[PDB]
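As you go down the protein sequences, you meet chains A and B in turn. Anchor point for the first sequence: position 7 equals 7 in the deposited numbering, and the numbering is continuous, going up by one each time. Anchor point for the second sequence: position 139 equals 139 in the deposited numbering, and the numbering is continuous, going up by one each time. Cβ atoms here follow ideal geometry from the backbone N, Cα and C, with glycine treated the same way. Worksheet: one structure, shown below.
Protein chains: 2
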Amino acid sequence: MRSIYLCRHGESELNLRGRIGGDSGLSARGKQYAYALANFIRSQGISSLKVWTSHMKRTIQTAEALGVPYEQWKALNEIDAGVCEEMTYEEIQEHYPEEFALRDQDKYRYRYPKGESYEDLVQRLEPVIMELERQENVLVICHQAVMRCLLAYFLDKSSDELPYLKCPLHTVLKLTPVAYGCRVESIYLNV
Amino acid sequence: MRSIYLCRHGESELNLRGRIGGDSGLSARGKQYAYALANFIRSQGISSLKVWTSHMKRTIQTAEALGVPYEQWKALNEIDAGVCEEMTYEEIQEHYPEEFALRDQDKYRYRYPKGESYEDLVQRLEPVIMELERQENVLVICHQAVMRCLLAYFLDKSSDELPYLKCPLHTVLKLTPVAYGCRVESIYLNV
Ligand SMILES: O=P(O)(O)OC[C@H]1O[C@](O)(CO)[C@@H](O)[C@@H]1O
Ligand SMILES: O=P(O)(O)OC[C@H]1O[C@](O)(CO)[C@@H](O)[C@@H]1O
């Protein structure tokens with residue numbers, strides 16, 4: 001049976017600082033996760049695994065530790081926060097108080113100044129989903145907002161639930177599409 | 001009429017590092033705010049004023065920039081996050097996934113392991129509001145969660161609105177209580 005493995009890049013430097021977006025590299029234990037992922041994947045004994053990543057350094061660097069070849073997709077790049085790129089939440093509240101308030105109102109269609117909305121994100125992920133459907137075993141190393149969009153599709157979630165789906169770091173979600181829907185398994189790689 | 005000025009401690013070290021809770025000191029620009037605050041209060045042309053703070057260093061240090069005495073209330077201490085104290089959101093999502101998700105569904109009543117809920121904070125602040133109601137001009141230098149509870153009372157907000165009320169840093173809220181309701185003026189001190 002085919003299984004789709006979904007996970008995020010290992011812990012980035014900006015993740016450690018509590019800052020959003022950007023294009024930073026993996027931290028120390030972020031790299032230890034890349035190694036732990038390589039171990040888990042091997043132990044899965046998956047037949048002909050296709051591996052996808054984004055153009056962002058953090059995803060690429062995580063895939064490198066696997067040894068096997070992978071492919072890069074621009075459409076898998078993290079959601080653009082626009083002007084709020086690399087800010088902490090406190091900084092967004094202080095410098096864009098009205099914008100921050102509008103988000104909680106409708107997290108699905110809200111756009112930061114010159115940024116993307118979850119709706120924009122779902123649109124550019126359409127082709128990524130179409131390919132995913134016509135594949136067998138695949139591992140997608142992406143980002144939190146991207147993972148939420150892909151996960152919503154497979155676990156059949158609404159536009160309301162989507163922006164709030166649980167997608168923590170160092171955790172792999174093994175989704176097995178079945179006739180009644182989709183089975184899920186969560187594997188936490190403690191590093 | 002008299003006015004109640006509500007604001008937070010200047011930007012702290014943990015605020016800058018994207019971490020919550022703790023007992024950290026003011027950052028460089030966090031101190032600039034403490035001085036910019038003194039200048040704002042000065043320009044108000046107030047004859048007598050009571051300044052209250054919590055036991056947290058960040059609030060105390062901010063009061064120190066005024067050059068006037070102040071009273072310290074334990075009741076004005078920021079909400080306790082328990083085991084999640086001094087952690088980032090990503091950190092909390094990873095190591096306490098279930099806990100994190102449960103908070104989102106009921107932000108008002110939820111308590112982190114060994115922590116407080118917004119409901120507890122509201123109860124803890126009862127004697128503070130009572131005094132605030134029987135005083136003249138007062139300046140309360142407190143915290144984000146504490147500030148939201150106080151602001152909710154004066155502006156008549158429901159427990160559903162309370163946890164999401166806007167309370168950014170370096171922003172003074174001048175409240176003027178009247179017959180019914182309360183007047184509000186938002187003053188931002190750019191530093
Ligand atoms: O605010 P949330 O719920 O993290 O939504 C998506 C977010 O993903 C992030 O990568 C969070 O680290 C941000 O860049 C983006 O705003
Ligand atoms: O973080 P929230 O959910 O907006 O609530 C107020 C928060 O203020 C903090 O100081 C940091 O966000 C936390 O201690 C507290 O939970």
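Any non-hydrogen atom of ligand 2 within 7 Å of residue i CB
i, result
"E119 of chain A", "no"
"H143 of chain B", "yes"
"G30 of chain A", "no"
"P163 of chain A", "no"
Own chain residues within Cβ distance below 7 Å of residue i, not counting five before or after
i, result
"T176 of chain A", "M1, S3, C182 and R183"
"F40 of chain B", "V172, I187 and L189"
"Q93 of chain A", "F100"
"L16 of chain B", "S27"
"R29 of chain A", "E11 and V191"
"residue 192 of chain B", "Because chain B is modelled from 1 through 191, residue 192 of chain B falls outside the range shown and cannot be assessed."
"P127 of chain B", "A75"
"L165 of chain B", "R148, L151, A152 and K157"
"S47 of chain A", "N137"
Cβ-based neighbour list, residue i, same chain, cut-off 6 Å, excluding 5 preceding and 5 following
i, result
"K114 of chain B", "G82 and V83"
"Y70 of chain B", "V51, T53 and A63"
"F154 of chain B", "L175 and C182"
"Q72 of chain A", "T53 and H55"
"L76 of chain B", "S54, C142 and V146"
"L14 of chain B", "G22 and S24"
"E185 of chain A", "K174"
"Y35 of chain A", "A65"
"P97 of chain A", "none"
Burial state of residue i, where buried means 16 or more other Cβ atoms lie within 10 Å
i, result
"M130 of chain A", "exposed"
"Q123 of chain A", "exposed"
"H170 of chain B", "buried"
"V140 of chain B", "buried"
"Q105 of chain B", "exposed"
"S158 of chain B", "exposed"
"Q135 of chain B", "exposed"
"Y180 of chain B", "exposed"
"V68 of chain B", "exposed"
"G45 of chain A", "exposed"
Residue i - partner residues in DSSP beta bridges
i, result
"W52 of chain B", "B:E71 and B:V140"
"residue 213 of chain A", "Outside the shown range of chain A (1 to 191) lies residue 213 of chain A, about which nothing can therefore be said."
"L173 of chain B", "B:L6 and B:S186"
"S12 of chain A", "A:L26"
heavy atom of ligand 1 below 7 Å from residue i C-beta
i, result
"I79 of chain A", "yes"
"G181 of chain B", "no"
"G21 of chain A", "yes"
Beta-carbon spacing of residue i, residue j below 8 Å
i, j, result
"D80 of chain A", "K57 of chain A", "no"
"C167 of chain A", "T59 of chain A", "no"
"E78 of chain B", "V146 of chain B", "yes"
"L162 of chain A", "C149 of chain A", "yes"
"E99 of chain B", "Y112 of chain B", "yes"
"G25 of chain A", "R19 of chain B", "no"
"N137 of chain A", "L49 of chain A", "yes"
"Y5 of chain B", "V191 of chain B", "no"
"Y108 of chain B", "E119 of chain B", "yes"
"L102 of chain B", "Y110 of chain B", "yes"
"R42 of chain B", "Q144 of chain B", "no"
Own chain partners of residue i with C-beta closer than 8 Å, once the 5 adjacent residues on each side are dropped
i, result
"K31 of chain A", "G10, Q61 and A65"
"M87 of chain A", "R19, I20, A81 and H95"
"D160 of chain B", "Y108"
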